[PDB]
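Note that each Cβ is placed from the backbone with ideal geometry, even for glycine, and that neighbours are counted across all protein chains shown. Bear in mind these aren't lab numbers, they're just calculated from the coordinates by the rules spelled out.
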Amino acid sequence: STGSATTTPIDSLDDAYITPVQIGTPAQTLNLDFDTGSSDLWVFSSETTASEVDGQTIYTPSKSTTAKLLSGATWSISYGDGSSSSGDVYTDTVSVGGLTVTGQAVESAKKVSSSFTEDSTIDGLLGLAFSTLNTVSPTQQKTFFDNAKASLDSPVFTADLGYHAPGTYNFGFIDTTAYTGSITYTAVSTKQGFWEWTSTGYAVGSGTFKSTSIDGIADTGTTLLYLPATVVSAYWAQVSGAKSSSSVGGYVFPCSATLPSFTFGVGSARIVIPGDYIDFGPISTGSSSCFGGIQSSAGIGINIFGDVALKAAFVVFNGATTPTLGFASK
Ligand SMILES: Cc1cc(C)c(/C=N/NC(=O)[C@@H](N)Cc2c[nH]c3ccccc23)c(C)c1
């Protein structure tokens with residue numbers, strides 16, 4: 001089997017991407033944020049604290065003939081940015097782009113943090129990291145990919161995020177028309193439950209490539225690119241007037257700037273992030289200070305190859321017995 005679904009930016013800045021997901025019988029379609037940095041499929045629901053719902057589409061398990069309460073199971077997740085959600089669990093039928101899993105754990109939110117409440121376009125998250133991170137207690141549950149894996153033509157999914165444009169998540173196959181050149185595969189460590197790999201280095205604009213190992217995670221659920229302070233300083237030093245602002249919470253730059261590209265290494269291959277991808281617009285409405293799309297990972301504790309990096313590539317998440325990651329230009 002295979003699946004193929006279009007993913008769409010939630011706003012003009014590509015702050016996140018949502019993908020329609022069918023849950024239950026008859027189908028209830030919710031737009032979920034596919035997140036390769038977590039492993040819970042959770043949704044706004046009929047059980048979510050009313051004051052914490054602001055425009056989201058909700059899953060109502062009582063209206064699904066295939067929904068079954070998973071007796072005694074609860075979940076609670078804290079994301080590294082400070083966001084959180086929690087609740088109880090159903091199993092139900094879940095389909096993505098024509099690919100169907102029966103008995104998928106669907107985690108029904110009773111509580112969500114303000115950040116989720118304020119994101120009216122995101123109806124929940126669909127985790128695509130390793131199932132070892134799943135928060136369901138007392139019986140840990142599998143991700144949608146882990147459940148689907150055996151039935152897939154090939155045990156893979158691919159992320160093809162668009163810059164200010166729709167993109168695609170495919171399951172079970174690699175669309176060879178979707179990229180240029182060849183896909184370069186690189187080793188993955190699953191020790192922290194993430195799609196963790198090591199970049200071979202970086203370049204700023206037309207500058208010379210610096211060979212240096214950068215360990216980080218491929219995370220579709222994170223907007224920006226978070227890298228060591230040394231690397232990020234070298235990037236912003238090429239932008240006149242750029243500076244790190246504690247009051248703003250990162251590097252900002254004059255909106256009148258033309259940003260240089262940023263290149264990252266995958267083995268001997270190179271992925272180029274165009275300068276425009278790194279512009280996240282005015283810090284507040286009408287401001288001439290703009291927020292940078294490359295930020296320091298210092299104090300996060302891990303480097304994060306978020307959407308800013310991933311959307312510059314066609315990315316293969318290979319879930320074979322020994323997982324690997326592939327990157328191609330496009
Ligand atoms: C200080 C800091 C700041 C950020 C932005 C992150 C990223 N976190 N990103 C994630 O955890 C995502 N994989 C999922 C996610 C967290 N919060 C969200 C809000 C909306 C949509 C997705 C997420 C971290 C780890 C630390």
Percentage relative contact order, segment 1-126, counting C-alpha pairs under 8 Å, at least six apart: 33
Relative contact order (%) - criterion: Cα under 8 Å, at least six apart; region: segment 59-149: 26
Which listed pairs, of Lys110/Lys243; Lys111/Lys142; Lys63/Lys311; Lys110/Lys191, have C-alpha distances above 32 Å, in listed order: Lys110/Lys243; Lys63/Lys311
Mean Cα-pair separation over length for the chain, i.e. relative contact order, pairs under 8 Å, 6 or more apart, %: 19
The chain: calculated mean residue ellipticity at 222 nm from DSSP helix runs of at least 4, using -39500 (n - 2.57): -1500 deg cm²/dmol
Listed residues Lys191, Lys68, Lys149, most fluctuating in the chain (Gaussian network, C-alpha, under 10 Å): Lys191
For the chain, built as a Gaussian network whose Cα springs stay under 10 Å, the top-fluctuating residue of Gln56, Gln28, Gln238: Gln238
Restricting segment 196-239 to chymotrypsin sites (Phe, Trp or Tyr not before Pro) in coil, as DSSP defines it, with at most 14 other Cβ within 10 Å: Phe209
Most mobile listed residue (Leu70, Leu227, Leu41) in the chain, GNM with C-alpha springs under 10 Å: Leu70
Gyration tensor verdict on segment 5-174 (Cα atoms; rounded if a/c is under 1.5, prolate if a/b is larger than b/c, oblate otherwise): rounded
